[PDB]
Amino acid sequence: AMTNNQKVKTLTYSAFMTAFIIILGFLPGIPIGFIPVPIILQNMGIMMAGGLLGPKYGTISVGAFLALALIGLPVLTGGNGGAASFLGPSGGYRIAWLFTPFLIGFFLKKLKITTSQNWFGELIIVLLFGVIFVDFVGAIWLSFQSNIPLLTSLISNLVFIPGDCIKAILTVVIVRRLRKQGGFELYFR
């Protein structure tokens, strides 16, 4: 049961995480040829949320970001948003983002990664849930909503892997540094 100081801290950090995800969206996306889904930076913030704030508050932070997009603020990459855009080609990735911080936070906590020097374990958890889970759900949704063969969608999504691996690596480096003091231990009890 948090103290007032802990709850003010949690509000501050959660608000920062939501704002950070939004700021990453100020970079324009890079269109690729073969599918109507760009390379972006914003999914990195989604990856970091669960490793900093754990499975509850990480999810709330991402949820708040997504809620802002759903009601119409242009907080997605390139100044996009609105509820209708969630039924579009990139909808699957976005829905997967809501679950990513829960999954990452849950396994970091359960495998005690946050209390160890096992940064490679952390990287694998981030890869599994922030990269593979996200890109797979995204690829399936894309196949259905753009009426393209599933095999084509899955293969085309390999284009995202190099950039997504870099994001996952930077995620582990950044979050482990932020955690080393003090300070985020509350979220992984």
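In this text, residue numbers run from 1 along the sequence as written.
- Relative to one another, 28-36 and 153-161 have unequal mean CA B-factors, and 28-36 is the one with the higher figure.
- Legend: mean Cα B-factor per stretch from the PDB entry, 80-88 versus 95-103; the higher mean is in 80-88.
- The entry lists a Cα temperature factor for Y57 that places it in the lowest third of the chain's modelled residues.
- Annotation for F136: C-alpha temperature factor in the middle third relative to the rest of the modelled chain, per the entry.
- The deposited CA B-factor of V173 belongs to the highest third of values across its chain.
- Among the modelled residues of the chain, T12 sits in the middle third by CA temperature factor in this PDB entry.
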